[PDB]
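Shown below, as structure tokens, is a lone chain in the form deposited in one PDB entry; questions about how it binds or moves come after it.
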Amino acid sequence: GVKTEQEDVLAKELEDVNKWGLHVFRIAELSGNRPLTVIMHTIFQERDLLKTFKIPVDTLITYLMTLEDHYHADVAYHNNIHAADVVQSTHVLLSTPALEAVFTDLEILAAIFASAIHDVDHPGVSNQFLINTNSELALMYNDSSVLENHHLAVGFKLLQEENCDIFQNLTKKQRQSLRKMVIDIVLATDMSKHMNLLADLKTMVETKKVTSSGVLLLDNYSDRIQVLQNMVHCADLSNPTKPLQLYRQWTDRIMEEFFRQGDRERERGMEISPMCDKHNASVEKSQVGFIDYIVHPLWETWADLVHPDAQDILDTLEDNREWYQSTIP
């Protein structure tokens, strides 16, 4: 009735589950390549989501294992470790002091379930790739947010497997509300939505109201869902805000996937996509661009929304940015 020593060493890494910079690759190794299942399970227990939603524990485990097995272990970046990381980073962001007691338990379940499924069955290539190769996925979704639509359909469809219906005790009203929020969140992970999402977040910060304790006031679905969408998107774009040992691993993997899209981009129509060759395509300039044009304007605006809660994270982002700059010969 007691844990094995590996289970113990794993349990002890998991005590960092509430911290930015969790050793998520270590968790992956210690869990036998089950970071998504063990991190989701730990978050669900910690937030009391099993009791609140009357989720049987064997059904949660069965779903999570099934979900994690439909991430591709042969894809370097968009795999179950990235899913685990995004879940865990959303989890920390939800705990920010500026948002304390803002969100209902259903909203919290939506944001976490959304994070968990957000990239499921990702083939390791981009929307534009899928569209240009006339691939079945692009055809199925009439070229529109191809991957994101697929991630949602798979994550929901898997609930129909044997003892996988984790929402079986929710009311119909609960499930309709949850599904809509999940769909709205995951669809907002498509980078082509980034600019509009960022503009709405900037608008929100300008018109920012608060309550008594100084936590944000969000009194309509529009604003509530906007915050959750931008929160998961922050989590999705959180790699450069992590300590550098983590950040570099993520970079490696994103580059592997991307270079590998090249080897297939050589044959399949298409010239290549900018900054994606080691035949004229510096990794370090890419990272500096990524940070300057995408990650920093987002995280800076997030940081204003929840001021001062995100300072450390924004500091790290700025350090990492200097580090990559100073490596450009």
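Just count from 1 along the sequence shown to find any residue number. Take the two forms, superpose them, and find the largest set of C-alpha atoms that agree within 1.5 Å; that set is the rigid core.
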{"query": "Unmodelled in at least a third of other entries of this protein, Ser212", "finding": "yes"}
{"query": "Mean Cα B-factor comparison, 203-211 or 165-173, giving the higher one as deposited", "finding": "203-211"}
{"query": "Between the two ranges 182-190 and 98-106, the one averaging a larger CA B factor in the entry", "finding": "98-106"}
{"query": "Criterion, highest CA B-factor; candidates, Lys278, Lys51, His70, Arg47", "finding": "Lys278"}
{"query": "Out of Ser282, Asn33, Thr59, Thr37, highest CA B-factor residue", "finding": "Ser282"}
{"query": "Among modelled residues of the same chain, the CA temperature factor third for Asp219", "finding": "highest"}
{"query": "Entry-reported Cα temperature factor of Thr66, expressed as the chain third it lands in", "finding": "lowest"}
{"query": "Third of the chain's Cα B-factor distribution that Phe259 belongs to, per the entry", "finding": "highest"}
{"query": "Ranked against its chain, the third holding the CA B-factor of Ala114", "finding": "lowest"}
{"query": "CA B-factor ranking of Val288, expressed as a third of its chain", "finding": "middle"}
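One more form of this protein, deposited in another entry, exists but is not displayed; see below.
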| query | finding |
| --- | --- |
| Displaced position between this form and the one not shown, chosen from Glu46, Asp58, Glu267, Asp292 (C-alpha, 2 Å or more, rigid core) | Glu267 |
